[PDB]
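Sequence lines, in order, name chains A and W.
Every letter in the first sequence is one number past the one before it in my numbering, and letter 81, counting from 1, is 110.
Every letter in the second sequence is one number past the one before it in my numbering, and letter 1058, counting from 1, is 1069.
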Amino acid sequence: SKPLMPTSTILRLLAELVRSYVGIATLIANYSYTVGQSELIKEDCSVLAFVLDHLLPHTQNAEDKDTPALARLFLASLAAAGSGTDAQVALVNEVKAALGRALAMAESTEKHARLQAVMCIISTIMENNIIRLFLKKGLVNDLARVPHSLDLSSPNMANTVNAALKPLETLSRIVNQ
Amino acid sequence: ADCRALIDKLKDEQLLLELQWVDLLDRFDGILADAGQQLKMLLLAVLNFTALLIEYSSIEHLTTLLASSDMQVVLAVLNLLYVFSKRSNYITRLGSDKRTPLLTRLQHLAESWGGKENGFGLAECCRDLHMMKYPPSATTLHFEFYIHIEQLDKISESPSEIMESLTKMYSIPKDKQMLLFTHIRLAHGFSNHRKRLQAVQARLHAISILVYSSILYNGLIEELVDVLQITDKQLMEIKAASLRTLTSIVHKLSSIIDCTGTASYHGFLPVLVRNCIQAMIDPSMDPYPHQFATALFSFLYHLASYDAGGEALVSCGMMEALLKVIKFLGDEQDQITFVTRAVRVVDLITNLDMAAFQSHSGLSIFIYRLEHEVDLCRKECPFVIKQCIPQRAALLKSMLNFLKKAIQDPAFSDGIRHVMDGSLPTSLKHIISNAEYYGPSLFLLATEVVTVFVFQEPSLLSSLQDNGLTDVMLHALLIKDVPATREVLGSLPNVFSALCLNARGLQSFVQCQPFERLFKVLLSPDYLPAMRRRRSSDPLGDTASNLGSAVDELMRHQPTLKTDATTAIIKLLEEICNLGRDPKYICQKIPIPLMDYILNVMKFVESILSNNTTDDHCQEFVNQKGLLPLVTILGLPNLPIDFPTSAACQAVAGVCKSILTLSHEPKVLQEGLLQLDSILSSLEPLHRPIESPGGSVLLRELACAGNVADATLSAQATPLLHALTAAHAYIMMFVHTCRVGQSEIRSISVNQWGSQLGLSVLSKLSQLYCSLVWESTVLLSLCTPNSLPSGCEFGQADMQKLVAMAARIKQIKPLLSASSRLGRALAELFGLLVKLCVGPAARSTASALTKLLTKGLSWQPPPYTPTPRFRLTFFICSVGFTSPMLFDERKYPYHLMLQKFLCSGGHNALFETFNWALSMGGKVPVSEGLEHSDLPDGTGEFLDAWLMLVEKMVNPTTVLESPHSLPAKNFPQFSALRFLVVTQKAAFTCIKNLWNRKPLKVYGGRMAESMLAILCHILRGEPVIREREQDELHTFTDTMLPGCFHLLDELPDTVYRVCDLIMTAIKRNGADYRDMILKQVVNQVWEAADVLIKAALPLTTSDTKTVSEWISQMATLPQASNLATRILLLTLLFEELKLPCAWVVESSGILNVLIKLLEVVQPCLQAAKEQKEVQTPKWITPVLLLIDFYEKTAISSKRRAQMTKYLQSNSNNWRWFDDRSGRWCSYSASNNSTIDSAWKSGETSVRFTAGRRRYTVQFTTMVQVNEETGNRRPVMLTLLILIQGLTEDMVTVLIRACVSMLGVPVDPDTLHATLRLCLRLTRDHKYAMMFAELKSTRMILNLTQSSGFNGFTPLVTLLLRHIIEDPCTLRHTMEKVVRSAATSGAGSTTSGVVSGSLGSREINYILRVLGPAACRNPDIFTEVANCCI
């Protein structure tokens, strides 16, 4: 009775069609949902925004177990696929938007799961045009401002800060080496 | 014992616990579950005693008891949890159900207070300081998650009700109010001394528990050492807590050492230790508390156990003080315990320095203390050859372990001669002489100290003999009863290996008949608990095996003992015979443990005989007549019925096998055969039937056993059942010795079995086999509930004596098992004997075994039988028996056995049993028998076994190719060809007699499948055997199709064997016969399809229900059962006959009818989805697979045609690829011509030899594999009935039908077939667009896991890629692939070196890698490769 293509499988499929076909990454990047298109959708938002906010973050109650590994694969593929700048710029812009959104979010384990998962996707992407874009957009400076937008007493705060330090170390090294 | 007396006494309770398991621990867990939810002191006493019990269900209560206002109980709970974590990992392994609530409560106790740096040092927390020299935040609560309270004194009452009032005034986080309670009770405590010390102590306990299982910091060691320095002397319990914490922290060690000062003689810890010791020694100076001293000597133990600490204890010279302890301390139990602690420390310290110990004469001090303690036992137990207090026994044990270690240590090798001229032997003499006052492990340590000394200085064994220590050891280990334990038994032979070492010692050892005494251990129930396997995971008899290997080492050092050892072994065997022979004993699972004796003795003898593999013990034993007493053990009357399957019988068989394989001696088999012939001659009344209406002889011997409650336990009550179970044990020994691969042992086995006695036994075993099949089938006929018999008193007359049904069954079941298990062992024996016979006397062995096969197949019951089923069940097991004996695993025959099975008989009887089984004894002819209504119940099961045998008998590809062929040469020479002539001729008539009749209720599809396999083998074989009756197979292949299609209507699963039969009839006959077959199959499909096309016209007039009837009529009409096999047959035929069957499927137009049927069924299936009662027509998958392979075949014919258009039909040059040079080197002309000819024939693979190397080509992969090396190398062919395929109007209808079948989730296997078809069709983007324009990706996403299959996600991904790949995107992706393959030297499964630059880069190879892309689209691949290469 369970659906045969869970969102995990659909993500792996899209990751494959991105890695093969040039236009798919740009079409997925520009495609955006509409208000009241699904129960989980509150307002017009990009697919990348939804993948960053609702599918990528670890959450304690399962719907599919391995949705996050495959949204990470999907966004990794959408980066690695060169697709000129049409796909990579919208990916980076949407990651920046979801970071600022989650930092403005109210203090919650939802906030820390979103933050940790965005740091993890920046780290996987980071593992050269993506780095050029991360510099141009000031993503490193928005990562460094992360603790300004934390409650420094939270029991999660150290884990989300570790996560945000992980791309900062790699990026500062790759720049100044 | 006194524990049980204490339990009964307790069961004023608290007064008794103040004076000082399951139901006492349960009453404790009771009051724990009661008090935590004249009480508190009861809880405290229960705890204070339990903290002794664990040191030699409560958890969930104890964890709640930490929420106490009076810290005394918190402390006691911690002391108990410390005793736990110290001794065993009981709380570490526990689950997080309560481990985390516990460990968190402990963390909240343990967590720091700010230490010295904030004025909360433990030293300052323990000195009073006036309560005004502490930080003002001490009497203050500051709990955050917000609560702050300046001081707790104005509300000092009721801290628990304070916490509950805070529960009501504030919402305290759930499940973490413990950190509040501990802060509040602390802030109440700190005001006063006792409560502050109790908080300190609780914190120290909590640390220690948290370390035996963020808390630790730089100042903690210094704080603890300053607690130890505090000299008010009222703190000794806090000092002991601090030391126990330091102990936990050892498990920072350099800091512990730097603070305590152990690196120097002057230093706080060493000085404290020396003052404790001096206070313990001298009575005037008061003694430091026992608890504190124990914490000190435990800390020294754990510190010494680590190298940094042992080196520090060297440096401060603690050995001098500890030897002072071990020299001057008194006799009382606590002082003894401090002595054993000091001894274990002197052990750890001497594992890295000896010089201090030696310079302090420590060995003399140890020996004097051993003298003093032995002198204090001498008063209690003065006996010496001319209970010990536990603490003294532990002292002695640690001190003898030290002496053994020192003897095995240099720095005593000079001087250890002067140990045994001390008092030591006079005190060992007392331990050895009193192994019952002193423990057995202490008696062991004493004999091992002597053994290790004698191995260090064998010279001074003369001194030990002069003072008679060896003569006391002998008396204590032989003449006095050996203490019954594994370690003592394991050591006796090493001890005797020492005592023999002086030759005088050997004389003394052999003087006292040592092995008569030593081996009695194996026949004594007192030592069976010592012999029982430890951990239940070491082998059975592991300890007797060790003992035997040690006695082997002993008497290989001292060969003079070998003869007496083997004499005492043979006396063991003769006594086991005695205990098994006379009636007065009865084997327990008077009861006697005989089977344990037999296992232990046999593991002992096995170890001895097989240890060195020098065949000196085997020879001696056989020459001392031990094989008679050995082999008799199998036949012992009073051994139980379940003996033969037991590990003791397998042990006896293993000893026989060891003797056979070491000595190469026939005598084991000769003697086994003599005794087996003796037993078989006893039970000839089993061969003679009742000779009246009667049942089993075993059940007439049972029933006539008077009324004894259990006859089967008596050898006189059931003589035949016990001779059965003796023969079974002998047969399992012959099995074990036949399961041998040494050709020499095989040869001497066969030479023995071929003897006059061997063949007398083998004849009697054959008659026994047929008697046991009779008896077992009669007995099962009597345990059946009055169904199988024909209402007759066949064995009832004896069941009426035996006895309301179970009361009779449960007396027969021991007979049934004793007779059925023996039959299976006989069959195993004869199979092994056939293997040995095949690989002159073998020929007589095989003769007697084929006379058994004839006897079994021609056996007829007595004429009093109530039903033929007893004969059919005899025949079924005779056939299932003859199969293993004529044919190996992998189904190759033994030609010696087929020769004798033919010449002697059994082939005419094998086929006569078929005629008999069908005719029912001639009552009905065979041609009417099968279809007769009154055919016996088991005639389908017999025919299943008979047909499965004949399938093996007929196959030429094994009967001619068998590895087990006879050599080429007085004897009649065998021909497997004439054997197949007569067998196929005899089989064909019987199959005729079953060809068309309706199948049996059960065992009819296995009958049909083996009958069809026989026909296939005959039809393939006659072409090959006429090379070295044809019109009968001709007319058969003409008329067979009515029967084939009858079989497809009755038993669809036979269709694969019907395909193979039709293919062999085709390869016999011409294309004129292929056409007739294919047109007839196609006409059956045609009419079955057209009736379903008329079955689904929309039901306008409503005559039928038009909903449930119509939906299920399409799926259930007989025609819809036919199609599922007529199409499937046609598809298998198509797969083999690729192009003729394609051209017929084209020219008949049947494909249009099947497309029309797939279209017309869609309204029905859709309506079924709307009934929510989908039930998929099974015929859909054959049709989709047929269409799939029809268009696969047409693809391929066009590609092969235009390939032929580019090839010369003469000498097509095949070339093999040399990756190293990059050359397509040609084959020789004969290899090239062979490969081309065999590719053109369509063979999948071709074998050839070049340079005597064996090469094979695989045209599936186009690879040459070298058969010797397995190297795979690429090959190429050097280039220089037209199947129209599916038309657009068919493809359009198929795509719509596949989308509708995806809409309604028809079935998993049907979705797989329809998606496979879509995958083939959509490879043209026009049809992929059609498939995507009909909204099929929504259906695919909606599909539930009930409608899924292994390939679903790959296949769906490929389909979606087919939708995505329009001409331009496919071109650009092909460009990416071509560039990637040309730039990167890709590896392959053709040994093309990875990232090679010759082989990986040839155009002719790269085109082979890119072949999948060329198939994806060849035109586009040309355009791309022309533009990018």
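We put the beta carbon where it would ideally sit given N, CA and C, even for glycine.
Report task. Pull up the distance between the alpha-carbon of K31 of chain A and that of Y60 of chain A, whole angstroms please. Result -> Looking at the two C-alpha atoms, the distance is approximately 27 Å.
Query raised in the report: Applying the criterion that 16 or more other CB atoms from any shown protein chain within 10 Å of the CB defines a buried residue, is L1195 of chain W buried or exposed?
Result: buried
Report task. Identify whether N1277 of chain W lies in helix, strand or coil by the three-state DSSP scheme. Result -> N1277 of chain W sits in a strand when the DSSP states are folded into three classes.
Query - When W:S1237, W:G1233, W:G850 and W:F1270 are compared against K1251 of chain W, the one with the closest alpha-carbon - result: W:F1270
Report task. Tell me whether the beta-carbon of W1097 of chain W lies closer than 7 Å to the beta-carbon of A1135 of chain W. Result -> no
**Report entry** Collapsed DSSP secondary structure at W1225 of chain W in the structure displayed
**Finding:** In the structure shown, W1225 of chain W adopts extended strand secondary structure according to DSSP, grouped into three states.
Query raised in the report: Counting only beta-carbon atoms, is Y50 of chain A nearer than 7 Å to chain W?
Result: yes
**Report entry** Test: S178 of chain A CB closer than 7 Å to a CB of chain W
**Finding:** no
**Report entry** Segment limits, alpha helix (DSSP H) that includes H429 of chain W
**Finding:** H429 of chain W -> no alpha helix (DSSP H), and no H or E assigned at all.
Report task. State yes or no: is the C-beta of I241 of chain W within less than 7 Å of the C-beta of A323 of chain W? Result -> no
Query raised in the report: Of the choices A:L164, A:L194, A:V76 and A:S106, whose alpha-carbon is the least far from that of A58 of chain A?
Result: A:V76
Query raised in the report: Got a sec: which bits of the stretch 1336-1356 of chain W sit with their beta carbon under 8 Å from any beta carbon on chain A, in order along the chain?
Result: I1351, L1352, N1353, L1354, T1355 and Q1356
**Report entry** Residue closest to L89 of chain W, alpha-carbon to alpha-carbon, out of W:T256, W:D237 and W:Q49
**Finding:** W:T256
Query raised in the report: Can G646 of chain W and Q686 of chain W be called in contact, C-beta distance under 7 Å?
Result: The Cβ-Cβ distance between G646 of chain W and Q686 of chain W falls below 7 Å.
**Report entry** Whole runs of the alpha helix (DSSP H) within the stretch 314-377 of chain W, excluding any shorter than 4 residues
**Finding:** 318-326, 329-339, 344-361 and 366-370
**Report entry** Where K195 of chain A meets chain W, residues with beta-carbon distance less than 9 Å
**Finding:** The contacting residues do not exist; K195 of chain A stays about 23 Å from chain W at best.
Query raised in the report: Can a CB atom of chain A be found closer than 7 Å to the CB of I1375 of chain W?
Result: yes
Query raised in the report: Taking Cβ positions, are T893 of chain W and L864 of chain W nearer each other than 7 Å?
Result: yes
Report task. List the residues of chain W that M155 of chain A touches, going by C-beta distances under 7 Å, in chain order. Result -> Result: empty, since nearest Cβ-Cβ is about 25 Å, beyond 7 Å.
Query raised in the report: Would you call the CB atoms of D563 of chain W and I619 of chain W closer than 7 Å?
Result: yes
Requested in this report: Output the boundary residues of the alpha helix (DSSP H) element that contains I644 of chain W.
Outcome: Careful: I644 of chain W lies outside any alpha helix (DSSP H) and carries neither H nor E.
Query raised in the report: Taking any Cβ of chain A, which residues in the stretch 199-220 of chain W have a Cβ under 9 Å from it, in chain order?
Result: Residues: none.
**Report entry** Cβ pair count under 8 Å reaching 3, the stretch 981-993 of chain W against the stretch 925-939 of chain W
**Finding:** no
Query - Backbone secondary structure at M1287 of chain W - three-state DSSP - result: strand
**Report entry** Closer than 7 Å at the beta carbon, the chain A residues around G1359 of chain W
**Finding:** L33
Query - For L489 of chain W and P525 of chain W, believed in contact at Cβ under 8 Å, the rounded distance - result: 6 Å
Report task. Could you round the C-beta distance between residue 1497 of chain W and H975 of chain W to whole angstroms and report it? I think they count as a contact, below 8 Å. Result -> The structure shown does not extend to residue 1497 of chain W, since chain W is modelled only from 12 through 1440, so no value can be given for it.
Query raised in the report: Is any beta-carbon of chain A found at less than 7 Å from that of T1048 of chain W?
Result: no
Query raised in the report: Among W:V1268, W:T1267, W:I1198 and W:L1418, which has the Cα closest to the Cα of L1330 of chain W?
Result: Distances from the CA of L1330 of chain W to each of W:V1268, W:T1267, W:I1198 and W:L1418 were compared; the closest alpha carbon is that of W:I1198.
**Report entry** Residues of the stretch 94-116 of chain W with Cβ closer than 9 Å to any Cβ of chain A, in chain order
**Finding:** For chain A, none of the residues of the stretch 94-116 of chain W brings a beta carbon within less than 9 Å of one of its beta carbons.
Query raised in the report: Hey, how far is the Cα of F805 of chain W from the Cα of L793 of chain W?
Result: 9 Å
Query raised in the report: Hey, is the stretch 702-713 of chain W in contact with the stretch 825-834 of chain W, meaning 3+ C-beta pairs nearer than 8 Å?
Result: yes
Query - Residues of its chain near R699 of chain W, where Cβ-Cβ distance is below 7 Å and the 5 sequence neighbours each way are ignored - result: none
Report task. Pick helix, strand or coil for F1259 of chain W, following the three-state DSSP scheme. Result -> Here DSSP, grouped into helix, strand and coil, assigns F1259 of chain W to strand.
Query - Helix, strand or coil at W1235 of chain W according to DSSP, with G and I counted as helix - result: strand
Report task. Please report the residue range of the alpha helix (DSSP H) in which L40 of chain A lies. Result -> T36 to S49
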